[PDB]
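S.K.: experimental structure below, sequence on top.
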Amino acid sequence: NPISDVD
Amino acid sequence: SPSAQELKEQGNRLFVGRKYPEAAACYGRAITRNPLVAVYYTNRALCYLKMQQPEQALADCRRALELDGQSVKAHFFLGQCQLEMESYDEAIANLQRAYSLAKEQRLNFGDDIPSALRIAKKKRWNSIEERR
């Protein structure tokens, strides 16, 4: 998963 | 009358749409409905980073960390805020903590965190060069 993204 | 979950999902759509102030407002509505969910704050922090408001993002990261002290993203986004505010030593510590927590949690973000650490250390060194 990419880290700079919304959950 | 949408639920907190619906508001979070709407904010997420607005985020995909690159409508960051609109997304952030939706996460605010989510927080109103249930202010005890760390993810609403870390999501809104990312919006604030995109809006070049690291101080606002930092305060949300702090709110998230009060709710979930183990949050990888709260530490990572906090590190990003500190980088923007030229608090390099704290930024690097937060990114390293995000790295450690992601490992402890057996999460996989590929090379995102080490890449962010490299950027932070470089930025720190460049700030030292800029002063001599």
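M.R.: Noted; the coordinates are in hand. Numbering: from 1, shown residues only, chains lettered A, B, ... in the order given.

S.K.: as a quick check, tell me the outermost residue of chain B.
M.R.: residue B:132 (32.0 Å; Cα atoms, centre = their mean).

S.K.: check the offset of stretch B:37-54 from the chain's centre.
M.R.: Offset of stretch B:37-54 from its chain centre (Cα atoms, centre = their mean, to the nearest Å): 6 Å.

S.K.: list, one by one, the residues from chain B near chain A.
M.R.: Within chain B, the residues that sit near chain A (Cβ under 8 Å from any Cβ of the partner chain) are B:11-12, B:15, B:23, B:39, B:42-43, B:46, B:72-73, B:76, B:98, B:107-110, B:112-113, B:116. Just so you know, the C-beta spots here come from the backbone N, C-alpha and C atoms, and that holds for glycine as well.

S.K.: could you measure from the residue farthest from the centre of chain B over to residue B:125?
M.R.: In this view, residue B:132 and residue B:125 are 12 Å apart by Cβ to Cβ, to the nearest Å.

S.K.: do the same with residue B:34
M.R.: Distance from residue B:34 to residue B:125, by Cβ to Cβ: 43 Å.

S.K.: what helix or strand does the residue nearest to the spatial centre of chain B sit in?
M.R.: The centroid of chain B falls nearest to residue B:77 when counting by Cα atoms, centre = their mean (2.5 Å). Residue B:77 belongs to helix B:72-84 when assigned by DSSP states H and E.

S.K.: show residues contacting the strand or helix carrying residue B:44.
M.R.: Element membership for residue B:44 (DSSP H and E) is helix B:38-50. Under the criterion Cβ atoms under 8 Å, 6 or more residues apart in numbering or on different chains, residues A:4-7, B:4, B:8, B:11-12, B:15, B:18, B:20-21, B:23-24, B:27-28, B:30-31, B:34, B:54, B:56-58, B:60-61, B:63-65, B:67-68, B:71, B:73-74, B:77, B:80-81, B:84 lie in contact with helix B:38-50.

S.K.: now stretch B:70-89
M.R.: Contacts for stretch B:70-89 (Cβ under 8 Å, 6+ apart): A:3-4, A:7, B:38, B:41-42, B:45-46, B:49, B:54-55, B:57-58, B:61-62, B:64-65, B:68, B:90-95, B:97-98, B:101-102, B:105, B:107, B:109, B:113, B:116, B:119-120, B:123-124, B:127.
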